[PDB]
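K.L.:
experimental structure and sequence below, a few questions after.
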Amino acid sequence: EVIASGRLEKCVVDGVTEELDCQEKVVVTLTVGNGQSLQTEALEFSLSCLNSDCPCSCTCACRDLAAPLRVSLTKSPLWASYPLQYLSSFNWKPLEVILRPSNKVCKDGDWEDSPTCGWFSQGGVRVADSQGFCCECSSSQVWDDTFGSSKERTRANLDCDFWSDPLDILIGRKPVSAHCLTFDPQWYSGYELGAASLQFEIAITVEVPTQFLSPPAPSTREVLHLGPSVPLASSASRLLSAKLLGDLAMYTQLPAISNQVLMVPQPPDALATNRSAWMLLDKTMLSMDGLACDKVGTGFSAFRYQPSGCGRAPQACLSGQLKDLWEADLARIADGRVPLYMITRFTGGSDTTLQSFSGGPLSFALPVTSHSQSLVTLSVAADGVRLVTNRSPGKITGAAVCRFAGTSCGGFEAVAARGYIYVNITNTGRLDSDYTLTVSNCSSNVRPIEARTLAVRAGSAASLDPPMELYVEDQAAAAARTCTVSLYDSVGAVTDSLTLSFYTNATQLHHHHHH
Amino acid sequence: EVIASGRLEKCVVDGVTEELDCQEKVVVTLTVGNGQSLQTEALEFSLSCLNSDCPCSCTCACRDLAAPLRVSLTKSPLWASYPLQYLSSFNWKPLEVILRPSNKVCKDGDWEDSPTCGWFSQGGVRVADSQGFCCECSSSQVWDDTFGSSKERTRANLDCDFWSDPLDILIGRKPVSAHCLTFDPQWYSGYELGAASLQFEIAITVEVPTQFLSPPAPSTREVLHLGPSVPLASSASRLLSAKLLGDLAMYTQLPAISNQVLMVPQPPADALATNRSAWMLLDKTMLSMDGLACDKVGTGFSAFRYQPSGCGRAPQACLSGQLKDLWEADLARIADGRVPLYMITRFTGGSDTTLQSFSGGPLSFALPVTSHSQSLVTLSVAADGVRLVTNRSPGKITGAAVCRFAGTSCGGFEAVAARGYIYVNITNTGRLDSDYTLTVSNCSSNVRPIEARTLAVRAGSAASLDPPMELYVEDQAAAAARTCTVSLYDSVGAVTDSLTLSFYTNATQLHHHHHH
Amino acid sequence: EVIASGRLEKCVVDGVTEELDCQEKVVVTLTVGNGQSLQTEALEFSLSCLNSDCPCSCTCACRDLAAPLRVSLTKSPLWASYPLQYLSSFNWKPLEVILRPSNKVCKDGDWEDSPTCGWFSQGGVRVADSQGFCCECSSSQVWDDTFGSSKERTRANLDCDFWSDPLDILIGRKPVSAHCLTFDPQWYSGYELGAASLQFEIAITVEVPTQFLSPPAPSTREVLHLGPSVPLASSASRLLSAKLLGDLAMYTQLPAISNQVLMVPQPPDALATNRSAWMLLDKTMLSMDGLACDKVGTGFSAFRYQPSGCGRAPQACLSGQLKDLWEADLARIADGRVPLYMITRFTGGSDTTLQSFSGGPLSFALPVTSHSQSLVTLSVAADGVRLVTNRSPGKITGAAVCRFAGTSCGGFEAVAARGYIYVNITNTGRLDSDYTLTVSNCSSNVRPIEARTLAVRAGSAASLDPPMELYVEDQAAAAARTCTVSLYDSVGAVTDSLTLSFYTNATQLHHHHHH
Ligand SMILES: *[C@@H]1O[C@H](CO)[C@@H](O[C@@H]2O[C@H](CO)[C@@H](O[C@@H]3O[C@H](CO[C@H]4O[C@H](CO)[C@@H](O)[C@H](O)[C@@H]4O)[C@@H](O)[C@H](O)[C@@H]3O)[C@H](O)[C@H]2NC(C)=O)[C@H](O)[C@H]1NC(C)=O
Ligand SMILES: *[C@@H]1O[C@H](CO)[C@@H](O[C@@H]2O[C@H](CO)[C@@H](O[C@@H]3O[C@H](CO[C@H]4O[C@H](CO)[C@@H](O)[C@H](O)[C@@H]4O)[C@@H](O)[C@H](O)[C@@H]3O)[C@H](O)[C@H]2NC(C)=O)[C@H](O)[C@H]1NC(C)=O
Ligand SMILES: *[C@@H]1O[C@H](CO)[C@@H](O[C@@H]2O[C@H](CO)[C@@H](O[C@@H]3O[C@H](CO)[C@@H](O)[C@H](O)[C@@H]3O)[C@H](O)[C@H]2NC(C)=O)[C@H](O)[C@H]1NC(C)=O
Ligand SMILES: *[C@@H]1O[C@H](CO)[C@@H](O)[C@H](O)[C@H]1NC(C)=O
Ligand SMILES: *[C@@H]1O[C@H](CO)[C@@H](O)[C@H](O)[C@H]1NC(C)=O
Ligand SMILES: *[C@@H]1O[C@H](CO)[C@@H](O)[C@H](O)[C@H]1NC(C)=O
Ligand SMILES: *[C@@H]1O[C@H](CO)[C@@H](O)[C@H](O)[C@H]1NC(C)=O
Ligand SMILES: *[C@@H]1O[C@H](CO)[C@@H](O)[C@H](O)[C@H]1NC(C)=O
Ligand SMILES: *[C@@H]1O[C@H](CO)[C@@H](O)[C@H](O)[C@H]1NC(C)=O
Ligand SMILES: *[C@@H]1O[C@H](CO)[C@@H](O)[C@H](O)[C@H]1NC(C)=O
Ligand SMILES: *[C@@H]1O[C@H](CO)[C@@H](O)[C@H](O)[C@H]1NC(C)=O
Ligand SMILES: *[C@@H]1O[C@H](CO)[C@@H](O)[C@H](O)[C@H]1NC(C)=O
């Protein structure tokens, strides 16, 4: 979209000579969209006196008369990359091993030279509280289990019936239990994310030459590169000078994951490669010092000194681990709901959308789908400008609402879940044209969706990736909620439009029954 | 504000025929403000050869000569809506019931067939640790309470004096206590908020016809609608083609509530106010999702049963920090001129009425944006010649004062623990609907700068800032009269009125422990 | 950068008379950069009929013929200020005092009239659980310490050997311990931060008068002031009318510190003044009610009722305090890593960059380094406009990568740490010109860096402050990673460029050795 165009006299005072020099250039300001990956528009600058701003006619090394300077602009796919900062490692699933010693002895002493669990060591020094804790059957439980049946739980399901082992309970040796903490061989590295940084590269293609026909005689293509890192560039010789000013505000802000911790499997039916097994967790799920129970990174001190530990069930204090959060999210997928810890809760179902990134192995970035119009200013030493835009018709070749990861299509669960709109369009023209995809005039209590733009090659089909997220703002269950999907060509004309119908199932809640 | 205007030759290559077609249109780029709800400006495009871009003179079906094409733009009120995702339910106030059995027996066994508290059940299976815990008076406390007075607390205020019940303590039956967890009948649904999405709709009114006088002869009004969902539209026939490019960056960013949990009262199937008045928005550090933590929203049976030294602690221990507690705590902050920390009205500034003007569904949440969010719109008309017609009407500041949260008292606030709210009354004294800009500047020392606000006021009507401006001070001292200058600008940046706003700040207060 | 310029007929209908009035003004829209603090560009408006829009020739009170109206724009340094909201106070380091009474008595009763620790008081009422807790040596430990050596830890390192004190253990008096909680005399005030607000002031200098030479005959300089608080202004009389529209989106977003708590030392080899001792903590490090252990603000109830408290080490439950987090971050500085709690983790090493702020004593703001181009619209009653920009060459006079606070330069630790790029440039011209500093064409797995702009006075040297943060997206250890640092003058020409080489050391991780 061209915003401003006109002539301007840019005078430059050379700082060494303090000397003035003025030229009248054409200053065009136009935006570049996120989904604008093809050369659909072109800027043509009328060039008088070609070659070396009229000519000396005619070895001779002179100049030619007239030709148009063609300029187009594309933008690489937009990503939101976060910088990583390592913090600490975490175990996939810490496991408690219960030992029932053969000689009915158990030692968890703090200065115990050799406990029945054994000491860990971070080097030559042994780690505190790594020796677990012991459990003995109380006199009250030996009394109950002998005559009747003890109603008090033991962590090792101890049998304290006197008849179960009379020859040793008589001599005071009661049944004992050892509870040691072990680590899964699978470790994870936890990196704290940073501030989001928009990353892209605008490609400015400039070609200078020697009813409906506009034939091109020999041109020489030159490509400029603009971006946040290099927000300006100039063409060969000194004709075109560009400058990236910045983007406009995004209508739907980025997800607030700046203060979360990215879990990456520490390397030593197969697991999927790259970031498929990655996770991104809030700090309320973690214990950095390891002194808290039922958190990622629970340590020895938390497991050894848990209150009434011998009276609790096995594996207590060891919940909420990376393996638990993973298995929990997989359950949410089977129920049409969105994961809460897997990084695919932003992609919408597939990990393939996150491998198109061009960063290093230890990097994280989400594909931006909101509108981010970057403003570029072109200043050419050529008076006369014209915009040439391709208009190709299109057709919506398919639209449907599907749950997370496409486990089932047609609808989702009202407020606990959300839907994902996959839209298939096809360029029916013979040229590469830009398109705008909008969802509007929905039924009641349906959340508005921001439009998306697709640059489709001629005769090719395209699809929204990642798809649009669809919510509903009530908890009822409707059989056919409606929305209108419209396909706009360039310069804002509707080439095709259909009505998208979907169901929402009612929401479900917890309940406790009192007695 | 008009930004760019000029002529441009837009050539369109029809993709089916690969055929070129060029036209010279006027491309105007202008911004639309957040608080711009009235038609104060108008763009007039000189239209030669009316009707069907000169005419064939003269059934005839021909064209007329000349008239101006009038175009205006308004913007709906701006909101920041967050998508909800349900997580779990939470009880308004879990209550501990203390039982003192008549037969002095108490059973909290894990496999106990029938405990003195009873098992809950999530269906047909009974919930673990729902049977509470029992307490017995230790031998040490029976020894103290019999002769002197025991200094050790019991959760049930047990009387373990032997003389208080000798016939049963002698046969070993000591006084016992049962501590069961119960739930308030009022439940709450907790929805995790999502990413903020700016939502609005720009209304482009276009009317084509067919000293100071500019009379309108018959016009036909056509309204276009642009927004984030539909960022472009075209008029009837093919005269005007619009496109919404986006907004500019906001100077004061939105509140970071993306990862918080919205608490909504769960319906049952002196009265409370309707809609979101009873809603709350909490940080995840106030919650226990698994319920295995004490003194958090959603504390479960396992946390209450296995609390360390539970029988030695006071009643209702581990049951603090609940939805009822956080609510009653915020109400106390209101009575002390401070701002709530959990009620969603801590963003509105005092009144819930500002949040019911939203047009979303029953289960939605949105805050009214007050920062400048200037959206850029590009107009391209097939009519060469353009003119901007803006209404300028004078105004007067009819009132300005600093008030605490919810207007419990005006005149000032508490320095750093609290903040003030600036209510400003203005009145359009002209006969036309003009736009205005409201600024607070040239303040005294250590006063935080405030971003300006814009008000579109109907002719002869009075307007007011809603929600009011939030005012802070960057020191902890107590001043009797801090000053700021409130200025009212008409359109095209002229000061019609200005007054000096004076307010006091009380000194901040801090906690203190006296050791012994 | 000038974006749009042209003529526009702005008609104004006076609301009182309903009367029309039209004038044709020049509407220039141009951006103002973040680092643009000098008058490098200038807008010159051709003014016909000077003095009072041709003249009446010739007391006379008439007008002159012709002169140019010079207009320049600068922007103050950009800051992101956060509003503070006080919450509660916190102690620098709560300390546990262990008492061993001479008479072997210990009382921690709830209704105890006078305990061996003593009651605190918030006024006239005494604070609950302020009397600490007592510890007695169990019969099991007296049995072990008498014959052999007890392997169970006591919090007071108690000696329960019967022979160590036989005359009192015989009469039942066992060794006892008192554990009271005390507070460091240094307190801290904790303020919850608010939403970030961009704060700046654009200075519009307008002076109206009355080969390379352009001499100035007497002008009168007038300065306008625009900003978020006052986004518009008009010149003396009614010539120029300005309006600040807003900034463009920032490419690298601000750090998400909105919901954190700022710790400020509560006033009564010396510490540096202002914010040098300040800290900014996540709410997961705090206990507001004080009922949690090993957190900032741990209270009496947490310390008194800690499970197995008498069996734990001294100072247990009292970790993770403001003194601990401070001493921990200082250790990260000595290891080339970035602090996690000190507010200097955003500045990059020096506190001097945070004292240039102009706020009150209780305020907090970070210097914005991302591009924030503000759009300003100028409308002058003078047809004819010209842009005069100074171009002075520059030279990169130094570039190096240094760890946090400059503890050592040359490189950093790959993912646990980050580097900081200090760049020295010098204006070699005789005029004040603007510059653009870019880092591009890096080696593999190097994170992209957004460009920065420097306004340098003539003949003066400038430096990046705060320096650019440099990350790497892999965990390997390389001896010489390369990037290209380029220096652009105004209107986008490369005056100087060098290649910046640096090393990255491999990352380090935790490890537990099992037994
Ligand atoms: C939009 O266009 C897309 C194509 O560009 C459509 O995707 C197609 O979806 C259909 C089902 O709706 C798939 O047909 C199925 O094919 C499988 C076997 O092929 C697949 O096998 C495995 C899965 O077992 C998979 O990993 C492979 O990659 C194959 O894709 C049959 O068993 C099914 O019965 C069914 O016929 C197409 O394969 C798929 N095409 C592509 C290219 O992926 C999409 O449905 C369209 N959406 C809308 C809303 O119109
Ligand atoms: C970019 O230019 C900067 C100057 O504008 C350069 O900073 C200079 O860095 C050198 C070291 O490379 C310093 O020289 C040192 O001086 C100390 C003694 O002076 C200092 O003493 C104390 C520290 O004990 C300090 O607090 C004072 O302020 C003094 O600065 C010697 O003991 C050292 O051996 C060494 O010679 C310069 O003093 C310093 N200049 C300034 C003005 O700070 C910077 O290195 C340049 N960077 C690049 C990449 O080129
Ligand atoms: C700005 O203008 C509004 C009105 O547009 C002012 O609100 C008015 O405030 C007064 C109090 O100062 C209200 O009068 C009171 O009414 C209550 C009954 O609700 C009565 O008990 C009191 O004795 C008193 O009479 C008045 O009703 C209210 N008007 C409206 C429409 O709400 C506001 O005070 C003005 N603020 C400034 C700073 O000028
Ligand atoms: C991801 O895959 C790419 C190629 O598809 C590979 O170069 C890269 O090393 C992989 N990274 C991880 C972390 O698996
Ligand atoms: C929008 O949909 C409603 C049905 O909900 C229909 O009545 C109306 O005509 C539609 N309007 C447009 C412009 O599609
Ligand atoms: C709800 O989901 C089930 C499958 O889980 C589906 O059969 C049903 O049709 C859905 N509800 C409605 C109203 O369609
Ligand atoms: C809020 O009030 C509106 C009408 O004022 C009503 O339509 C809506 O259902 C209410 N929502 C709730 C959650 O009470
Ligand atoms: C701002 O107010 C102060 C009084 O505190 C006054 O001295 C100064 O002149 C005022 N400045 C302007 C520009 O009004
Ligand atoms: C501080 O607040 C009290 C009421 O809490 C009020 O009476 C007093 O006037 C305030 N301080 C000043 C300086 O006005
Ligand atoms: C910081 O220093 C400035 C002067 O450099 C002083 O005016 C201000 O009071 C100081 N603030 C604090 C909190 O030390
Ligand atoms: C980037 O640097 C490499 C040296 O490793 C050089 O070969 C290449 O030409 C450079 N590319 C550009 C565009 O400067
Ligand atoms: C890694 O750091 C050490 C000091 O910690 C330094 O001596 C060494 O040079 C660094 N690595 C490389 C490759 O330079």
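P.N.:
Right, received. Where do you want to start? Numbers count the residues shown, from 1 in each chain, chains lettered A, B, ... in the order given. Ligands and ions are numbered 1, 2, ... in the order given.
K.L.:
so residue A:146 makes contact with residue A:159?
P.N.:
No - the pair residue A:146 / residue A:159 is not scored as a contact, 10.3 Å apart, by CB atoms under 8 Å. No exception for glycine: its C-beta is placed from N, CA and C like everyone else's.
K.L.:
ok, the two, which is more surrounded?
P.N.:
Neighbour count, other CB atoms under 10 Å in any protein chain shown: between residue A:146 and residue A:159, residue A:146 has more, with 16 against 13.
K.L.:
state the distance from the residue most central in space within chain A to residue A:347.
P.N.:
By CA atoms, centre = their mean, the mean C-alpha position of chain A lies nearest to residue A:366, the distance being 3.5 Å. Distance, residue A:366 to residue A:347, by CB to CB, to the nearest Å: 8 Å.
K.L.:
likewise residue A:513?
P.N.:
39 Å.
K.L.:
surely the residue nearest to the centre of chain A is in contact with residue A:80?
P.N.:
Yes - at 5.0 Å, residue A:366 counts as touching residue A:80 under the criterion of CB under 8 Å.
K.L.:
touching both of these two, which residues are there?
P.N.:
residue A:254 (CB atoms under 8 Å, 6 or more residues apart in numbering or on different chains).
K.L.:
if we can go back for a sec, between residue A:513 and residue A:347, which one's more packed in?
P.N.:
residue A:347 (21 against 12).
K.L.:
my guess is the more buried one contacts residue A:357. True?
P.N.:
No - at 11.4 Å, residue A:347 and residue A:357 do not qualify as touching, with contact defined as CB under 8 Å.
K.L.:
next SSE downstream of the helix or strand containing residue A:331?
P.N.:
According to DSSP states H and E, residue A:331 maps onto helix A:322-334. Sequence-wise, the next helix or strand downstream of helix A:322-334 (DSSP H and E) is strand A:364-367.
K.L.:
grab the nearest non-local neighbour of residue A:85.
P.N.:
residue A:192 (4.7 Å; CB to CB, 6 or more residues apart in numbering or on different chains).
K.L.:
okay but the one you found is in contact with residue A:263, surely?
P.N.:
No - here residue A:192 does not reach residue A:263: they are 11.1 Å apart, not a contact under CB under 8 Å.
K.L.:
between these two, point out the one with more neighbours.
P.N.:
residue A:263 (26 against 18).
K.L.:
SS state for the more buried one?
P.N.:
What DSSP: H, G, I helix; E, B strand; the rest coil gives for residue A:263 is strand.
K.L.:
please apply the same query to residue A:47.
P.N.:
Here residue A:47 is strand, with the state taken from three-state DSSP.
K.L.:
what bridges to it?
P.N.:
residue A:67 (DSSP bridges).
K.L.:
need the contact list for it.
P.N.:
By CB under 8 Å, 6+ apart, the neighbours of residue A:47 are A:66, A:67, A:68, A:69, A:208, A:209, A:382.
K.L.:
same thing with residue A:388?
P.N.:
A:41, A:42, A:43, A:44, B:11, B:13, B:20.
K.L.:
good, we can wrap up now.
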